[PDB]
Each structure stands twice: as structure tokens, then as C-alpha cells.
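Encoded as C-alpha cells, the structure appears first; notes follow it.
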Amino acid sequence: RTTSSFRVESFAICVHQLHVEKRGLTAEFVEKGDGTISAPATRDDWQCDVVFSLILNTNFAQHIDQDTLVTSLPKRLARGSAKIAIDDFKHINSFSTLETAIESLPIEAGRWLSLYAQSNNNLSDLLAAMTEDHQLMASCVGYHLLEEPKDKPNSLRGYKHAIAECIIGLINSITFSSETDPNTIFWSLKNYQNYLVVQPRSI
RNA sequence: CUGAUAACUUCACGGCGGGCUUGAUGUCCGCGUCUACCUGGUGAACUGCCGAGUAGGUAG
Numbered sequence: 428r429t430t431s432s433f434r435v436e437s438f439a440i441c442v443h444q445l446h447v448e449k450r451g452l453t454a455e456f457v458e459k460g461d462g463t464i465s466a467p468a469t470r471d472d473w474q475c476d477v478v479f480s481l482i483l484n485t486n487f488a489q490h491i492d493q494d495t496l497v498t499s500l501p502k503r504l505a506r507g508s509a510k511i512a513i514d515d516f517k518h519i520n521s522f523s524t525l526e527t528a529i530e531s532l533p534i535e536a537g538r539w540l541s542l543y544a545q546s547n548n549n550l551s552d553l554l555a556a557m558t559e560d561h562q563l564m565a566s567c568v569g570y571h572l573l574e575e576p577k578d579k580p581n582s583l584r585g586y587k588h589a590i591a592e593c594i595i596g597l598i599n600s601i602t603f604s605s606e607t608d609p610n611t612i613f614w615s616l617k618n619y620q621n622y623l624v625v626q627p628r629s630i
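The numbering of the first sequence is PDB author numbering, which starts it at 428 and goes up by one.
Put into C-alpha cells, the structure is as follows:
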């Protein structure tokens, strides 16, 4: 919206805290359909608490700002909130060498993330790898189309609408000691013509 | 341009009653520590005088 050549091109995730539990999401009153105003149906949820930090390898070989690099932050991550601090606005900096860039993180108790490139043809493949480690996570890394896709009338932002599935994957721990190349970090989106899987740029 | 957009789980509460861990016991025998060692103040802060004085004062 200010300089239209940003081109972020990748990102890198560093999970410092993780906490999952059941909390319950109270939905609010709707017009039911017979004559009354009550709440909709009840479910259970699962809510999380992520303290993380990001490395971004863009192409913009120039300083950004100090002020509008705060005003341009979004405020949500998977239905959540996204705040930092007042006094952590002095650790936001840009660099041109990614080995001094992991020195700028003022916490030093984290973990990095990659993808586990071993075959997982059923559920029994994962749990065997999940009982040798008990430190690996699974999530949805991409989608999987059922359609070419097609132009449907009330599609959201009017673009082109398909119908997708979810792609399970496996998430790993990395220390980045002195030798792990960054291609196992810095993930992207590659568009393999029927599935939009996010994987790092080493594969 | 995020399984997208919005979202109050709340009110009340007496864990209680009673209680014998006991009896018995041999840690002992032997034993070589030793040899050899430089701490270095030149002359340097000297001589009277009063007072009975190992006290006290006083001169250049």
C-alpha cells in the first residue's frame, strides 16, 4: 500500500511456547426459525497459545521504516490475536546476512520447524514415528482440489472456486548448530496443479 | 489476503470417629616416609643545651 515492490518470497517459524486446552467458544444469539431467540448448537473446541518469531527473506534491499512497519501488522492468526509489546519495538531490524539474524532474537529458548520427508501411507506409519520421538507434531500443510476449478457466482472476492481436502504432514525440531543449510527452513507455496502444499524449499 | 468475517459458561457447598513394633548380639590380627637449600640495609637521620630524670623540654 506504500511501496509496491515488497515481495516477501518466504518466511521462517520459531516456536517458543505451546499450550493447547479446551476452553469453549460461546456463540451468540441468532433468530432460530420457529419464533424464538436462543443460542445455536453446542460443541467443544480446542484453543492454543503460541509465542513465536519470524524471519522474512524478501528482495527489498533497502531499509523499511520504524513507524509504518508496526502499523502494517495484521491483528489475527487462526482466529486469534497478534500483539507484541511497546518495548519490543526496538528489536525489529533488517539485515543482509541470516547468520547474524538469529542473534537478534532476545529469548534463546526456542525450536525451528521443517517437514519430515518419510513415507506415511497410513495412520500406522505416523504413530510408529511418533512413539520413537514423542516430540513431533502433525498439522494441515496444504489442500487438495476436487475441481479444475470453475467460476461460481457468489465466490468470495469473485475469483474462482474449487473444493479441497486437507493434507496431513509432520513437523520437526531443528537446532541450527553450525551446518544445517537454510533450505530446510524458509518455506513457500508451489502450486502443483491439484494440491497447494506448503513445504520448505529444499525439496 | 489466515477451516475466512462476529462471539462473557455461570450461580451454591463440614470428611469424619478409635489405636503399644517388639525380643537377642565381641570387628579383629601386622606396619621406618625420607634425602639437599644465602633473601641481598655499602656510607647513609649527624652534635649540643636546660632539668635530679630510661619523664620532660630546647637548638643549627
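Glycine included, every Cβ here is placed at the ideal spot set by N, Cα and C.
Own chain residues within Cβ distance below 7 angstroms of residue i, not counting five before or after
{"i": "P467", "result": "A454, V457"}
{"i": "residue 693", "result": "Residue coverage of the chain in this structure runs from 428 to 630, which leaves residue 693 outside it and unanswerable."}
{"i": "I491", "result": "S521"}
{"i": "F516", "result": "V497"}
Cβ separation of residue i and residue j, assumed to be a contact under 8 angstroms, to the nearest whole Å
{"i": "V435", "j": "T469", "result": "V435 to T469, Cβ: 40 angstroms. No contact."}
{"i": "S541", "j": "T611", "result": "5 angstroms"}
{"i": "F487", "j": "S432", "result": "7 angstroms"}
{"i": "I519", "j": "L496", "result": "6 angstroms"}
{"i": "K502", "j": "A509", "result": "5 angstroms"}
{"i": "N621", "j": "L550", "result": "That belief does not hold up - the Cβ atoms of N621 and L550 are roughly 23 angstroms apart, past 8 angstroms."}
Bridge partner(s) assigned by DSSP for residue i
{"i": "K577", "result": "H588"}
{"i": "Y619", "result": "Note: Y619 sits in no beta bridge, so no partner."}
{"i": "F438", "result": "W614"}
{"i": "residue 633", "result": "With the chain covering 428 to 630 only, the question about residue 633 has no answer from this structure."}
{"i": "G569", "result": "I594"}
{"i": "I601", "result": "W539"}
{"i": "residue 372", "result": "An answer regarding residue 372 cannot be provided, because it is not within the stretch 428 to 630 covered by the chain."}
{"i": "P627", "result": "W614"}
Contacting residues, own chain, Cβ-Cβ under 8 angstroms from residue i (five flanking each side not counted)
{"i": "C567", "result": "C593, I594, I595, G596"}
{"i": "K577", "result": "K587, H588, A589"}
{"i": "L483", "result": "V435, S437, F438, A439"}
{"i": "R428", "result": "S499"}
{"i": "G451", "result": "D471, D472"}
{"i": "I598", "result": "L540, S541, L542, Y543, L563, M564, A565, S566"}
{"i": "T607", "result": "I601"}
{"i": "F613", "result": "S437, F438, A439, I482, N484, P627, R628"}
{"i": "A528", "result": "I482, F522"}
{"i": "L525", "result": "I482, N484, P609"}
Neighbourhood of residue i by C-beta distance below 6 angstroms, restricted to the same chain and skipping five residues each side
{"i": "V442", "result": "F479, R538"}
{"i": "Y570", "result": "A591, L623"}
{"i": "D494", "result": "none"}
{"i": "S582", "result": "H588"}
{"i": "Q444", "result": "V478"}
{"i": "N547", "result": "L553"}
{"i": "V625", "result": "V568, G569, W614, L616"}
{"i": "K579", "result": "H588"}
Near the ligand PLP: residue i beta-carbon under 6 angstroms from a heavy atom
{"i": "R434", "result": "Within the structure as shown, the ligand PLP is missing, as the structure has no ligands at all."}
| said: Whether or not the segment 521-534 and the segment 579-599 are in contact is what I'm after, with contact meaning three or more pairs of Cβ atoms, one per stretch, closer than 8 angstroms; do they touch? | reply: no
| field | Every unbroken alpha helix (DSSP H) inside the segment 485-517 [4 residues or more] | value | 495-498
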